[PDB]
Amino acid sequence: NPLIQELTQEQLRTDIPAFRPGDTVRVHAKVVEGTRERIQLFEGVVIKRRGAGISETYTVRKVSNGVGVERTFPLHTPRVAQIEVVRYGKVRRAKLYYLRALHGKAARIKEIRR
Amino acid sequence: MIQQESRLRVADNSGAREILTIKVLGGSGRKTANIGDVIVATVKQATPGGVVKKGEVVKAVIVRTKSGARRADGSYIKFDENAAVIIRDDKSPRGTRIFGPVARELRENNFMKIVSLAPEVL
RNA sequence: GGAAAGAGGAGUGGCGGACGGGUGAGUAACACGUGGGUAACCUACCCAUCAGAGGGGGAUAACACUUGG
RNA sequence: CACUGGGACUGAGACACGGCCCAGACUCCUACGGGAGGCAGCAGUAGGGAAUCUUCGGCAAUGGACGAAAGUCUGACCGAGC
RNA sequence: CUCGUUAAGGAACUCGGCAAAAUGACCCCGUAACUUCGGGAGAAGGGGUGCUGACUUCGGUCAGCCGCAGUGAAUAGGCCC
RNA sequence: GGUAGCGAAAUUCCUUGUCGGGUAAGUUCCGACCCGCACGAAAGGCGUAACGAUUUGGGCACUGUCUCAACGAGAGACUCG
RNA sequence: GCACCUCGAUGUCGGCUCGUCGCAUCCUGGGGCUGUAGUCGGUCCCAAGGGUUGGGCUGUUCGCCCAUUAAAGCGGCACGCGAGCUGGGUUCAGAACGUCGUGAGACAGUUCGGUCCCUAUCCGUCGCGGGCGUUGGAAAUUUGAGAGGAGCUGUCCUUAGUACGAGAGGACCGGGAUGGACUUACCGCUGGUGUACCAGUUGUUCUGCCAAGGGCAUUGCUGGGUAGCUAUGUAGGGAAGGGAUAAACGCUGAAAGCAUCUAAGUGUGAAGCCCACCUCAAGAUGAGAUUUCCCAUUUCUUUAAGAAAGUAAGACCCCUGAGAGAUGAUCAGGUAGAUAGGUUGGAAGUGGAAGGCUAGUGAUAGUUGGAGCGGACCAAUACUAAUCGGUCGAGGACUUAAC
């Protein structure tokens, strides 16, 4: 463990804001359309986070044009530029897998100040 | 992954609603299809009126699966549905409207007429 | 550079855009025709009459500079 | 009644014929992130049909909007063409 | 051998859906062809169900609270042509 | 010298008869046709609601039946008396 | 066709699982002829390395059909395989139809139903140990006689819209990119599981009661999940070459003044053959090689490759174990100590403990506080257990030659 952490230490990002599963987030991804570079945005609710080290990932749920979409990211990629927390949610567990079988108003998460 | 006798919704304006897969073209014993793969299928449910009528053998390309795709930078995408678009043997939609959102892998496989009409391209 | 007129430009504000012009798809009913009722009603511009028109405050477009397109 | 279907806002008066917002089908421009439109006004076009006209001139006259007024606007309308 | 769970697909298995899985309680709404008029009928298809307070005419209804889930365990029709 | 009714049938050899239906594809199934090897009226003919741990064909739901296998619990198996 | 063989018993077809062999070759490789312009083809010769698909209908082979593929080969092996599976079909006892028979009954006509036993002795096949040998006793590193695995193939881009051809159409020979099926490892990612991990919740019973908990109900049920084992996940592979050949094609050349690949001489030439790549291997009784370590008591049968005794180098018994495992073996350690348990910090994971406080009539909510708990994972630490001991294990033959 400590030989691996030392090698991988110099590649962890330091500008990562704190968030939990349940919060809403805007990810500033990076797309390459031929030679062009460009930035998209992907707005949704964080539903997963499974971790320990450079190997940390999270996933975001969204509903686009009547179909639900999920996108998982590593925490430390340089191919993301920004993670912004928009709201805070009141939640009671770590994996919000029950959201993937609800729609509209049943899938509502209450807000909370922090 | 989509195999023989899987059923797909249609994300097109062609007159078909449900489709049943018959073959997974390309190879000699290949099992499954993915996003950007071509297929031979039966129309199982049509719409009253429409260029395409029920009982027909036709070709379609997969967008939008549940077990989705993986990108080179370590990130993934997954959908809640399986869907396809009926195709005209040189990759053009036989309809004029695509519904719902579409995976970005259809660019690399060169369905450029379809990436023009999709509402969102993820 | 101090000059007063004539001719342009966008802006704030008033009034008009519910008229005039088109068509007959819907509609078997107070929709229309004819005869009445409202002690259950509204009405800018126009005409008449009576009475007012006091004294204060905080802004904003334009304009000038600047960001993303 | 105003491309099909819902809604309100401003206003004395509209749930509005060349206004706004949302949904739907159709058409169009895009650097893909997005944007634009509604002749059942007058001419005109393609299509359907046995079958039905000019992409004209002027506000001199009568009526209408605004302005104190000169005036500016008016495919209403007055004339010309087949 | 006897049990529990399983990504994506969902009878492509096999002589044959064999074996499994699924339905299952109570209250309310509804329910076709046909018929010997009794039936068919639990046809099919849908909704409610926990806890606290107030009122309760009576049987219940309103206000509020919590979880992924309220016949929160065990026991209990799959259906159609 | 076989009438009504029915007929590739629990009966039809040739035969997977021919035509329509259902499937992407149907020697099984359903509808019809009549050329009934070898139907036929109480060893009854032809219908028929209700019923069946009967026989057959098709749909929805559900699934380790299958693509194609993986993990876990217990009993035998394995070592010692 | 015959009746040698088996009647004190030799169990039929399709399917399943697992294959192997022949070549009269289905694809891929190499060629000669063409009534071969190019693109596609016809036919004959050489070639068995590898490859050769999923459904529908029938008990069905056979067959027809659908959608693909480079291709969807044909035979042998008790028409391979039931002490390995199935029992749909044929061929027991029940019942029915057509038909024959006076009848009892019958039909390679049909229909619905219908019991498949076996604890592996020997050889054989896959794995794993003990004994001795290899001529002093030991600890390691190895060569390779032999042997096994592997061996498939598509599409696009370029050469080039070039050669060819009226047009339509469209190459060889080279170079580059990316796939299908098959296969060797592995758990960082995406998922599965995860019965001594965390949480929620129903019924009833116990810890005297309240609060807080234990037992049982499939782990009572429901939502997550560490290590480990895993595919549908991730990485790699069948790369390029050399040698001798098959069909075929020569160069030089006479017998036979010419001609002729052949007799003497001399070449080219295939996915095939021997190497090249991977793994096993000196029980290869032909038992191979290199480096390092250790060096002499007592009586005599008679002196002899003699017996017996204590030892060296080294090894084992016994104990703590896991990266190993049915057992045994293998590997990590035994106080010259981190081998396993515990302790002290941490992590994954769960998701806000108990006891108080505050706001509510209450159910509950907020706060102290990313709290409490935490199997297998990571560091440190001799606190407990690896104590004390015993057993086995050399003294190196003879002949010839060179030094």
# chains A, B, ... in the order shown; residues from 1 in each chain; ligands from 1
>>> interface_residues(of="chain E", to="chain A", cutoff="12 Å", atoms="only C-alpha atoms (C1' of nucleotides)", output="list in words")
residues 66, 67, 68 and 69 of chain E
>>> residues_around(residues="residue F:26", least_positions_apart="2", cutoff="10 Å", atoms="only C-alpha atoms (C1' of nucleotides)", output="list in words")
residues 22, 23, 28 and 29 of chain F; 56, 57 and 65 of chain G
>>> atom_distance(atom1="atom CA of residue B:77", atom2="atom CA of residue B:60")
21.3 Å
>>> interface_residues(of="chain G", to="chain A", cutoff="8 Å", atoms="only C-alpha atoms (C1' of nucleotides)", output="list in words")
residues 188, 189, 224, 348, 351 and 378 of chain G
>>> closest_atom_pairs(of="chain B", to="chain E", cutoff="7 Å", atoms="only C-alpha atoms (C1' of nucleotides)", output="Markdown table")
| residue | atom | partner | partner_atom | distance |
| --- | --- | --- | --- | --- |
| B:1 | CA | E:8 | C1' | 5.6 |
| B:2 | CA | E:9 | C1' | 6.5 |
| B:3 | CA | E:9 | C1' | 6.6 |
| B:4 | CA | E:12 | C1' | 6.5 |
| B:5 | CA | E:12 | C1' | 6.6 |
| B:6 | CA | E:9 | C1' | 6.2 |
| B:67 | CA | E:8 | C1' | 6.4 |
>>> residues_around(residues="residue A:85", least_positions_apart="4", cutoff="8 Å", atoms="only C-alpha atoms (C1' of nucleotides)", output="ChimeraX atom specification")
/A:17,19,23-26
>>> write_last_selection(atoms="N, CA and C atoms", output="mmCIF file, in the first residue's frame")
data_model
loop_
_atom_site.group_PDB
_atom_site.id
_atom_site.type_symbol
_atom_site.label_atom_id
_atom_site.label_comp_id
_atom_site.auth_asym_id
_atom_site.auth_seq_id
_atom_site.Cartn_x
_atom_site.Cartn_y
_atom_site.Cartn_z
ATOM 1 N N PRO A 17 -14.022 19.970 -4.919
ATOM 2 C CA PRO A 17 -14.907 20.380 -3.830
ATOM 3 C C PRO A 17 -15.593 19.184 -3.199
ATOM 4 N N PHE A 19 -18.532 16.908 -1.803
ATOM 5 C CA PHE A 19 -19.927 16.597 -2.086
ATOM 6 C C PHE A 19 -20.208 15.160 -1.668
ATOM 7 N N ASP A 23 -26.371 15.120 -3.798
ATOM 8 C CA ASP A 23 -26.196 16.502 -4.206
ATOM 9 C C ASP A 23 -26.241 16.624 -5.718
ATOM 10 N N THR A 24 -26.521 17.826 -6.192
ATOM 11 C CA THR A 24 -26.527 18.072 -7.620
ATOM 12 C C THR A 24 -25.276 18.829 -8.011
ATOM 13 N N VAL A 25 -24.848 18.596 -9.238
ATOM 14 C CA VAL A 25 -23.481 18.847 -9.641
ATOM 15 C C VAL A 25 -23.484 19.199 -11.120
ATOM 16 N N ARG A 26 -22.579 20.086 -11.513
ATOM 17 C CA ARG A 26 -22.330 20.370 -12.917
ATOM 18 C C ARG A 26 -20.894 19.984 -13.240
#
>>> closest_atom_pairs(of="chain B", to="chain F", cutoff="8 Å", atoms="only C-alpha atoms (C1' of nucleotides)", output="JSON lines")
{"residue": "B:22", "atom": "CA", "partner": "F:24", "partner_atom": "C1'", "distance": 7.8}
{"residue": "B:42", "atom": "CA", "partner": "F:24", "partner_atom": "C1'", "distance": 6.4}
{"residue": "B:55", "atom": "CA", "partner": "F:24", "partner_atom": "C1'", "distance": 7.7}
{"residue": "B:56", "atom": "CA", "partner": "F:24", "partner_atom": "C1'", "distance": 7.7}
{"residue": "B:57", "atom": "CA", "partner": "F:24", "partner_atom": "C1'", "distance": 6.5}
>>> select_by_dssp(residues="stretch 30-80 of chain B", states="strand (DSSP E or B)", output="list in words")
residues 33, 38, 39, 40, 41, 42, 43, 44, 45, 46, 57, 58, 59, 60, 61, 62, 63, 69, 70, 76, 77, 78 and 79 of chain B
>>> select_by_dssp(residues="chain A", states="alpha helix (DSSP H)", output="PyMOL selection string")
chain A and resi 2-9
>>> write_last_selection(atoms="N, CA, C and O atoms", output="compact mmCIF listing (two decimals), in the first residue's frame")
# COMPACT_ATOMS: atom_id res chain seq x y z
N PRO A 2 1.80 1.43 0.93
CA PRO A 2 2.54 2.70 0.97
C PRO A 2 3.52 2.89 -0.17
O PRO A 2 3.83 4.04 -0.51
N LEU A 3 4.03 1.82 -0.79
CA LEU A 3 4.82 2.00 -2.00
C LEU A 3 3.97 2.46 -3.17
O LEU A 3 4.44 3.22 -4.01
N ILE A 4 2.70 2.07 -3.20
CA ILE A 4 1.81 2.44 -4.29
C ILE A 4 1.28 3.86 -4.12
O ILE A 4 1.20 4.62 -5.10
N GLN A 5 0.93 4.24 -2.89
CA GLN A 5 0.49 5.61 -2.63
C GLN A 5 1.56 6.63 -2.95
O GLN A 5 1.26 7.72 -3.43
N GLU A 6 2.82 6.31 -2.64
CA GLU A 6 3.91 7.24 -2.92
C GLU A 6 4.08 7.48 -4.40
O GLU A 6 4.29 8.62 -4.83
N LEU A 7 4.02 6.42 -5.21
CA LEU A 7 4.14 6.60 -6.64
C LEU A 7 2.96 7.38 -7.19
O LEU A 7 3.13 8.28 -8.02
N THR A 8 1.75 7.10 -6.71
CA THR A 8 0.57 7.75 -7.27
C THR A 8 0.21 9.07 -6.60
O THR A 8 -0.77 9.69 -7.02
N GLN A 9 0.97 9.51 -5.59
CA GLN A 9 0.60 10.73 -4.87
C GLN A 9 0.67 11.96 -5.75
O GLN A 9 -0.20 12.83 -5.68
>>> residues_around(residues="residue G:293", least_positions_apart="4", cutoff="12 Å", atoms="only C-alpha atoms (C1' of nucleotides)", output="list in words")
residues 137, 138, 139, 140, 312, 313 and 314 of chain G
>>> write_last_selection(atoms="C-alpha atoms (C1' of nucleotides)", output="PDB file, in the first residue's frame")
ATOM      1  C1'   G G 137      28.982 -37.439   2.213  1.00  0.00           C
ATOM      2  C1'   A G 138      26.350 -32.798   1.080  1.00  0.00           C
ATOM      3  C1'   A G 139      23.848 -27.322  -0.651  1.00  0.00           C
ATOM      4  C1'   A G 140      22.631 -24.870  -5.173  1.00  0.00           C
ATOM      5  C1'   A G 312      31.822 -33.279  10.308  1.00  0.00           C
ATOM      6  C1'   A G 313      29.259 -30.460   6.353  1.00  0.00           C
ATOM      7  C1'   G G 314      24.136 -31.116   6.160  1.00  0.00           C
TER       8        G G 314
END
>>> atom_distance(atom1="atom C1' of residue G:237", atom2="atom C1' of residue G:179")
15.9 Å
>>> atom_distance(atom1="atom CA of residue A:31", atom2="atom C1' of residue D:31")
14.4 Å
>>> closest_atom_pairs(of="chain D", to="chain B", cutoff="12 Å", atoms="only C-alpha atoms (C1' of nucleotides)", output="tab-separated table")
residue	atom	partner	partner_atom	distance
D:25	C1'	B:97	CA	10.9
D:26	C1'	B:96	CA	10.6
D:30	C1'	B:116	CA	10.7
D:32	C1'	B:116	CA	8.6
D:33	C1'	B:120	CA	10.6
D:34	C1'	B:119	CA	10.9
>>> write_last_selection(atoms="N, CA and C atoms (P, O5', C5', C4', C3', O3' and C1' of nucleotides)", output="PDB file, in the first residue's frame")
ATOM      1  P     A D  25     -43.870  15.385 -33.090  1.00  0.00           P
ATOM      2  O5'   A D  25     -44.201  15.829 -34.582  1.00  0.00           O
ATOM      3  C5'   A D  25     -44.877  14.952 -35.473  1.00  0.00           C
ATOM      4  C4'   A D  25     -45.508  15.678 -36.640  1.00  0.00           C
ATOM      5  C3'   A D  25     -44.577  16.243 -37.696  1.00  0.00           C
ATOM      6  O3'   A D  25     -44.052  15.283 -38.591  1.00  0.00           O
ATOM      7  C1'   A D  25     -46.223  17.834 -37.191  1.00  0.00           C
ATOM      8  P     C D  26     -42.543  15.469 -39.093  1.00  0.00           P
ATOM      9  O5'   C D  26     -42.589  16.616 -40.194  1.00  0.00           O
ATOM     10  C5'   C D  26     -43.481  16.593 -41.292  1.00  0.00           C
ATOM     11  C4'   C D  26     -43.522  17.943 -41.965  1.00  0.00           C
ATOM     12  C3'   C D  26     -42.179  18.546 -42.332  1.00  0.00           C
ATOM     13  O3'   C D  26     -41.618  18.008 -43.516  1.00  0.00           O
ATOM     14  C1'   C D  26     -43.512  20.192 -41.301  1.00  0.00           C
ATOM     15  P     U D  30     -25.580  27.369 -43.214  1.00  0.00           P
ATOM     16  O5'   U D  30     -25.251  27.751 -41.706  1.00  0.00           O
ATOM     17  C5'   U D  30     -24.109  27.198 -41.079  1.00  0.00           C
ATOM     18  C4'   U D  30     -24.234  27.177 -39.582  1.00  0.00           C
ATOM     19  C3'   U D  30     -23.508  26.045 -38.882  1.00  0.00           C
ATOM     20  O3'   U D  30     -22.114  26.255 -38.759  1.00  0.00           O
ATOM     21  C1'   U D  30     -25.676  26.258 -37.987  1.00  0.00           C
ATOM     22  P     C D  32     -18.517  23.189 -32.979  1.00  0.00           P
ATOM     23  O5'   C D  32     -19.632  23.061 -31.860  1.00  0.00           O
ATOM     24  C5'   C D  32     -20.081  21.770 -31.477  1.00  0.00           C
ATOM     25  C4'   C D  32     -21.557  21.749 -31.209  1.00  0.00           C
ATOM     26  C3'   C D  32     -22.160  20.358 -31.044  1.00  0.00           C
ATOM     27  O3'   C D  32     -23.182  20.399 -30.056  1.00  0.00           O
ATOM     28  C1'   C D  32     -23.213  21.483 -32.838  1.00  0.00           C
ATOM     29  P     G D  33     -23.161  19.370 -28.823  1.00  0.00           P
ATOM     30  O5'   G D  33     -23.478  20.285 -27.559  1.00  0.00           O
ATOM     31  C5'   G D  33     -24.601  21.151 -27.562  1.00  0.00           C
ATOM     32  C4'   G D  33     -24.232  22.552 -27.145  1.00  0.00           C
ATOM     33  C3'   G D  33     -25.347  23.582 -27.215  1.00  0.00           C
ATOM     34  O3'   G D  33     -26.229  23.529 -26.111  1.00  0.00           O
ATOM     35  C1'   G D  33     -23.346  24.484 -28.122  1.00  0.00           C
ATOM     36  P     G D  34     -27.752  23.075 -26.328  1.00  0.00           P
ATOM     37  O5'   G D  34     -28.172  23.794 -27.681  1.00  0.00           O
ATOM     38  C5'   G D  34     -28.971  24.964 -27.650  1.00  0.00           C
ATOM     39  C4'   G D  34     -28.406  26.062 -28.508  1.00  0.00           C
ATOM     40  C3'   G D  34     -29.434  26.975 -29.144  1.00  0.00           C
ATOM     41  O3'   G D  34     -29.900  27.990 -28.272  1.00  0.00           O
ATOM     42  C1'   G D  34     -27.911  26.267 -30.786  1.00  0.00           C
TER      43        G D  34
END
>>> residues_around(residues="stretch 18-23 of chain D", least_positions_apart="5", cutoff="10 Å", atoms="only C-alpha atoms (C1' of nucleotides)", output="list in words")
residues 17 of chain C; 5, 6, 7, 8, 9, 39 and 41 of chain D
>>> residues_around(residues="stretch 116-128 of chain G", least_positions_apart="2", cutoff="10 Å", atoms="only C-alpha atoms (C1' of nucleotides)", output="ChimeraX atom specification")
/G:82-83,87,327-329
>>> residues_around(residues="residue F:31", least_positions_apart="4", cutoff="12 Å", atoms="only C-alpha atoms (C1' of nucleotides)", output="PyMOL selection string")
chain F and resi 19-22
>>> interface_residues(of="chain A", to="chain B", cutoff="8 Å", atoms="only C-alpha atoms", output="PyMOL selection string")
chain A and resi 64-74+77+79
>>> write_last_selection(atoms="N, CA and C atoms", output="mmCIF file, in the first residue's frame")
data_model
loop_
_atom_site.group_PDB
_atom_site.id
_atom_site.type_symbol
_atom_site.label_atom_id
_atom_site.label_comp_id
_atom_site.auth_asym_id
_atom_site.auth_seq_id
_atom_site.Cartn_x
_atom_site.Cartn_y
_atom_site.Cartn_z
ATOM 1 N N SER A 64 -32.613 13.163 -20.155
ATOM 2 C CA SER A 64 -32.548 13.973 -21.364
ATOM 3 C C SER A 64 -33.614 13.523 -22.347
ATOM 4 N N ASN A 65 -34.548 14.415 -22.654
ATOM 5 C CA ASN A 65 -35.532 14.193 -23.708
ATOM 6 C C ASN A 65 -36.331 12.916 -23.478
ATOM 7 N N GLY A 66 -36.699 12.667 -22.226
ATOM 8 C CA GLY A 66 -37.523 11.534 -21.870
ATOM 9 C C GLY A 66 -36.810 10.210 -21.689
ATOM 10 N N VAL A 67 -35.484 10.195 -21.573
ATOM 11 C CA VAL A 67 -34.722 8.970 -21.339
ATOM 12 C C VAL A 67 -33.654 9.277 -20.301
ATOM 13 N N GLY A 68 -33.421 8.343 -19.383
ATOM 14 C CA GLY A 68 -32.470 8.552 -18.301
ATOM 15 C C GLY A 68 -31.061 8.129 -18.683
ATOM 16 N N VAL A 69 -30.087 8.950 -18.296
ATOM 17 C CA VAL A 69 -28.701 8.788 -18.717
ATOM 18 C C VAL A 69 -27.791 8.850 -17.499
ATOM 19 N N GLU A 70 -26.788 7.981 -17.467
ATOM 20 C CA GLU A 70 -25.797 7.944 -16.402
ATOM 21 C C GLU A 70 -24.396 7.981 -16.982
ATOM 22 N N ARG A 71 -23.510 8.703 -16.313
ATOM 23 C CA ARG A 71 -22.159 8.948 -16.790
ATOM 24 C C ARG A 71 -21.209 8.848 -15.608
ATOM 25 N N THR A 72 -20.275 7.903 -15.642
ATOM 26 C CA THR A 72 -19.316 7.757 -14.557
ATOM 27 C C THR A 72 -17.983 8.373 -14.948
ATOM 28 N N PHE A 73 -17.330 9.013 -13.982
ATOM 29 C CA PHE A 73 -16.060 9.689 -14.151
ATOM 30 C C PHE A 73 -15.077 9.245 -13.081
ATOM 31 N N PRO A 74 -13.798 9.117 -13.408
ATOM 32 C CA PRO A 74 -12.780 9.110 -12.358
ATOM 33 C C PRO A 74 -12.660 10.477 -11.712
ATOM 34 N N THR A 77 -9.221 12.700 -13.318
ATOM 35 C CA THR A 77 -8.890 12.909 -14.722
ATOM 36 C C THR A 77 -8.541 14.371 -14.973
ATOM 37 N N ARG A 79 -9.202 15.400 -17.944
ATOM 38 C CA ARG A 79 -10.132 15.656 -19.025
ATOM 39 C C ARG A 79 -11.456 16.218 -18.543
#
>>> closest_atom_pairs(of="chain G", to="chain B", cutoff="8 Å", atoms="only C-alpha atoms (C1' of nucleotides)", output="CSV")
residue,atom,partner,partner_atom,distance
G:53,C1',B:29,CA,5.6
G:54,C1',B:29,CA,7.5
G:67,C1',B:23,CA,6.5
G:68,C1',B:25,CA,7.1
G:69,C1',B:28,CA,5.5
G:154,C1',B:27,CA,7.4
G:180,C1',B:27,CA,4.5
G:181,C1',B:29,CA,6.6
G:189,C1',B:74,CA,7.7
>>> closest_atom_pairs(of="chain A", to="chain D", cutoff="10 Å", atoms="only C-alpha atoms (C1' of nucleotides)", output="Markdown table")
| residue | atom | partner | partner_atom | distance |
| --- | --- | --- | --- | --- |
| A:33 | CA | D:32 | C1' | 9.6 |
| A:36 | CA | D:31 | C1' | 9.7 |
| A:38 | CA | D:33 | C1' | 9.0 |
| A:39 | CA | D:33 | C1' | 8.8 |
| A:40 | CA | D:33 | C1' | 7.8 |
| A:41 | CA | D:33 | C1' | 9.8 |
